[PDB]
Amino acid sequence: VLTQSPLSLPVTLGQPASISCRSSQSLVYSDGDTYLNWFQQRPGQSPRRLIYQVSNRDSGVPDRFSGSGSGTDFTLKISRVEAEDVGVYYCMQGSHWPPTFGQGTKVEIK
Amino acid sequence: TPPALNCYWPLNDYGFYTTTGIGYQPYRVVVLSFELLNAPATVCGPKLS
Amino acid sequence: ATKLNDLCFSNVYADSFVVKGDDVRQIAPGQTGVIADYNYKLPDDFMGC
Amino acid sequence: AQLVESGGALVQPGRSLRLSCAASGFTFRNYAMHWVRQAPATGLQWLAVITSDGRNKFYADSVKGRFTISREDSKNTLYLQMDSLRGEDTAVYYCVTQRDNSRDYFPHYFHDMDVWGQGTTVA
């Protein structure tokens, strides 16, 4: 079970933003790693991964996306939110089967 | 003449992965060595005369 | 391998098993895999052969 | 790695629906396949996985015993057989897999889930 906050993030274009995710249990797996990923789903599109293993970014992901966290408390950070960054940001854990997602944070540009 | 018996190549490759342990990750190494004032200095620090 | 006779140890432990050819590669330090992780693991340290 | 879902439709509660998902851009046989569904009710909900060899099939308790996951390697196609559908099962069903199969064994195929299809609506 993952809970995200805020449910909706009102960020002025060009300004930074962050999305919080809080787990009901430590997401540290048996091998010592942490399988907490972040995805963004743009309206009209399926989810895409941006950040994985808490702070790593996928190839093709803009350097403005980063993250940090441990245990139960994780954060997705965007150095500046652009118009194209509109969408719902989900946190996902694969540490404990079944894998779960947060409710998602709707980030909108003001 | 390889692969005849007891022919070996002296070199081997590093299998560097993005998914392995720290001890098995690649590192870039730079080693600095100074020539201690034999010939007239060519490099000095940010000092005034 | 050529200096083994000249190396003195307190003792040696010989671990015996049958493994699939392709999975032989997992019998090493710094490895992951079905065998390396769930059947037989080696420490990331010096070993014999 | 592209996934294309199909088979979405409106089906009365109690009846069954079978989904499919065509794979391209990668070797289907070399990856585990998952179904995930999306609804306001659950956000993104993982349902089931079938391993690359088609041998091990794991299901979430919420669908365990009602849904069956299967694959046809010869057609590069993933399927989902959903029986006794309820109103609560209304969702967009996504075909999901991974690009990285370095650790193709339990539970590592739940760690990335980085390949998603467009999703198909089931009502």
# chains A, B, ... in the order shown; residues from 1 in each chain; ligands from 1
call {"tool": "residues_around", "arguments": {"residues": "residue 21 of chain B", "least_positions_apart": "3", "cutoff": "10 Å", "atoms": "only C-alpha atoms", "output": "PDB file with N, CA and C atoms, in the first residue's frame"}}
result
ATOM      1  N   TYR B  17      28.580  -3.992 -15.746  1.00  0.00           N
ATOM      2  CA  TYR B  17      27.124  -3.888 -15.822  1.00  0.00           C
ATOM      3  C   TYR B  17      26.587  -2.761 -14.961  1.00  0.00           C
ATOM      4  N   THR B  18      25.400  -2.278 -15.310  1.00  0.00           N
ATOM      5  CA  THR B  18      24.738  -1.208 -14.570  1.00  0.00           C
ATOM      6  C   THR B  18      23.877  -1.764 -13.457  1.00  0.00           C
ATOM      7  N   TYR B  24      32.135  -4.293  -8.452  1.00  0.00           N
ATOM      8  CA  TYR B  24      32.230  -4.755  -9.822  1.00  0.00           C
ATOM      9  C   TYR B  24      31.849  -3.677 -10.823  1.00  0.00           C
ATOM     10  N   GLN B  25      31.613  -2.472 -10.332  1.00  0.00           N
ATOM     11  CA  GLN B  25      31.306  -1.350 -11.194  1.00  0.00           C
ATOM     12  C   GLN B  25      32.619  -0.743 -11.666  1.00  0.00           C
TER      13      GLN B  25
ATOM     14  N   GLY C  30      30.539 -12.130  -7.256  1.00  0.00           N
ATOM     15  CA  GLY C  30      29.941 -10.993  -7.951  1.00  0.00           C
ATOM     16  C   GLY C  30      28.861 -11.411  -8.937  1.00  0.00           C
ATOM     17  N   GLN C  31      28.241 -12.561  -8.701  1.00  0.00           N
ATOM     18  CA  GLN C  31      27.249 -13.070  -9.635  1.00  0.00           C
ATOM     19  C   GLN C  31      25.845 -13.015  -9.089  1.00  0.00           C
ATOM     20  N   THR C  32      24.889 -13.007 -10.007  1.00  0.00           N
ATOM     21  CA  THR C  32      23.477 -13.154  -9.696  1.00  0.00           C
ATOM     22  C   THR C  32      22.906 -14.245 -10.577  1.00  0.00           C
ATOM     23  N   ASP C  44      32.125 -12.557  -2.074  1.00  0.00           N
ATOM     24  CA  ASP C  44      32.991 -11.793  -2.942  1.00  0.00           C
ATOM     25  C   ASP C  44      34.328 -11.606  -2.255  1.00  0.00           C
TER      26      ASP C  44
END
call {"tool": "interface_residues", "arguments": {"of": "chain C", "to": "chain D", "cutoff": "12 Å", "atoms": "only C-alpha atoms", "output": "count of residues only"}}
result
8
call {"tool": "select_by_dssp", "arguments": {"residues": "chain D", "states": "strand (DSSP E or B)", "output": "MDAnalysis selection string"}}
result
chainID D and resid 2:6 17:24 33:39 43:50 57:59 64 67:72 77:82 91:97 115:116 120:122
call {"tool": "closest_atom_pairs", "arguments": {"of": "chain D", "to": "chain A", "cutoff": "6 Å", "atoms": "only C-alpha atoms", "output": "Markdown table"}}
result
| residue | atom | partner | partner_atom | distance |
| --- | --- | --- | --- | --- |
| D:43 | CA | A:103 | CA | 5.3 |
| D:44 | CA | A:101 | CA | 5.9 |
| D:110 | CA | A:94 | CA | 5.2 |
| D:111 | CA | A:94 | CA | 4.7 |
| D:114 | CA | A:49 | CA | 5.8 |
| D:118 | CA | A:46 | CA | 5.3 |
call {"tool": "write_last_selection", "arguments": {"atoms": "C-alpha atoms", "output": "PDB file, in the first residue's frame"}}
result
ATOM      1  CA  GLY D  43      -5.682   3.706  -9.674  1.00  0.00           C
ATOM      2  CA  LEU D  44      -3.162   1.281 -11.165  1.00  0.00           C
ATOM      3  CA  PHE D 110       7.964  -7.072 -10.714  1.00  0.00           C
ATOM      4  CA  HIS D 111      10.783  -4.609 -10.137  1.00  0.00           C
ATOM      5  CA  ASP D 114       8.800  -0.317 -17.665  1.00  0.00           C
ATOM      6  CA  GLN D 118      -1.949   1.778 -24.819  1.00  0.00           C
TER       7      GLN D 118
END
call {"tool": "closest_residue", "arguments": {"among": "C:23, C:10, C:29, C:16", "to": "chain B", "atoms": "only C-alpha atoms"}}
result
C:29
call {"tool": "interface_residues", "arguments": {"of": "chain A", "to": "chain B", "cutoff": "12 Å", "atoms": "only C-alpha atoms", "output": "VMD selection string"}}
result
chain A and resid 31 to 33 53 56
call {"tool": "write_last_selection", "arguments": {"atoms": "N, CA, C and O atoms", "output": "mmCIF file, in the first residue's frame"}}
result
data_model
loop_
_atom_site.group_PDB
_atom_site.id
_atom_site.type_symbol
_atom_site.label_atom_id
_atom_site.label_comp_id
_atom_site.auth_asym_id
_atom_site.auth_seq_id
_atom_site.Cartn_x
_atom_site.Cartn_y
_atom_site.Cartn_z
ATOM 1 N N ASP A 31 17.427 -8.209 -0.737
ATOM 2 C CA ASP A 31 18.794 -8.050 -1.213
ATOM 3 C C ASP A 31 19.376 -6.693 -0.824
ATOM 4 O O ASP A 31 20.486 -6.346 -1.229
ATOM 5 N N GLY A 32 18.635 -5.941 -0.017
ATOM 6 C CA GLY A 32 19.096 -4.653 0.476
ATOM 7 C C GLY A 32 18.726 -3.487 -0.439
ATOM 8 O O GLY A 32 18.909 -2.326 -0.067
ATOM 9 N N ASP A 33 18.215 -3.773 -1.636
ATOM 10 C CA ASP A 33 17.862 -2.692 -2.542
ATOM 11 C C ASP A 33 16.476 -2.172 -2.205
ATOM 12 O O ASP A 33 15.794 -2.736 -1.351
ATOM 13 N N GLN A 53 14.379 2.709 -8.812
ATOM 14 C CA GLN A 53 15.289 2.484 -7.703
ATOM 15 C C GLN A 53 15.521 3.795 -6.964
ATOM 16 O O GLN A 53 16.663 4.203 -6.734
ATOM 17 N N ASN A 56 17.273 6.829 -9.805
ATOM 18 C CA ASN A 56 17.868 6.692 -11.140
ATOM 19 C C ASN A 56 16.861 7.070 -12.200
ATOM 20 O O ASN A 56 15.680 6.810 -12.038
#
call {"tool": "residues_around", "arguments": {"residues": "residue 68 of chain D", "least_positions_apart": "2", "cutoff": "8 Å", "atoms": "only C-alpha atoms", "output": "PyMOL selection string"}}
result
chain D and resi 65-66+70+80-82
call {"tool": "residues_around", "arguments": {"residues": "segment 12-15 of chain C", "least_positions_apart": "4", "cutoff": "12 Å", "atoms": "only C-alpha atoms", "output": "list in words"}}
result
residues 4, 7, 8, 27, 40, 41, 42, 47, 48 and 49 of chain C
call {"tool": "atom_distance", "arguments": {"atom1": "atom CA of residue 27 of chain D", "atom2": "atom CA of residue 78 of chain D"}}
result
12.6 Å
call {"tool": "select_by_dssp", "arguments": {"residues": "chain C", "states": "alpha helix (DSSP H)", "output": "PDB file with N, CA, C and O atoms, in the first residue's frame"}}
result
ATOM      1  N   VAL C  34      19.724 -17.741 -10.868  1.00  0.00           N
ATOM      2  CA  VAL C  34      18.945 -18.743 -10.170  1.00  0.00           C
ATOM      3  C   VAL C  34      19.826 -19.573  -9.242  1.00  0.00           C
ATOM      4  O   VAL C  34      19.415 -19.924  -8.136  1.00  0.00           O
ATOM      5  N   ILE C  35      21.032 -19.896  -9.684  1.00  0.00           N
ATOM      6  CA  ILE C  35      21.910 -20.685  -8.845  1.00  0.00           C
ATOM      7  C   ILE C  35      22.647 -19.776  -7.894  1.00  0.00           C
ATOM      8  O   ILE C  35      22.624 -19.983  -6.679  1.00  0.00           O
ATOM      9  N   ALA C  36      23.252 -18.728  -8.430  1.00  0.00           N
ATOM     10  CA  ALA C  36      24.053 -17.833  -7.614  1.00  0.00           C
ATOM     11  C   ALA C  36      23.260 -17.299  -6.423  1.00  0.00           C
ATOM     12  O   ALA C  36      23.820 -17.094  -5.346  1.00  0.00           O
ATOM     13  N   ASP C  37      21.965 -17.057  -6.613  1.00  0.00           N
ATOM     14  CA  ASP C  37      21.158 -16.483  -5.554  1.00  0.00           C
ATOM     15  C   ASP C  37      20.375 -17.501  -4.711  1.00  0.00           C
ATOM     16  O   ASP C  37      20.194 -17.288  -3.510  1.00  0.00           O
ATOM     17  N   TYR C  38      19.876 -18.590  -5.311  1.00  0.00           N
ATOM     18  CA  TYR C  38      19.006 -19.482  -4.542  1.00  0.00           C
ATOM     19  C   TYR C  38      19.562 -20.886  -4.287  1.00  0.00           C
ATOM     20  O   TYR C  38      18.999 -21.625  -3.477  1.00  0.00           O
TER      21      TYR C  38
END
call {"tool": "atom_distance", "arguments": {"atom1": "atom CA of residue 109 of chain A", "atom2": "atom CA of residue 67 of chain A"}}
result
20.1 Å
call {"tool": "atom_distance", "arguments": {"atom1": "atom CA of residue 46 of chain B", "atom2": "atom CA of residue 28 of chain B"}}
result
27.5 Å
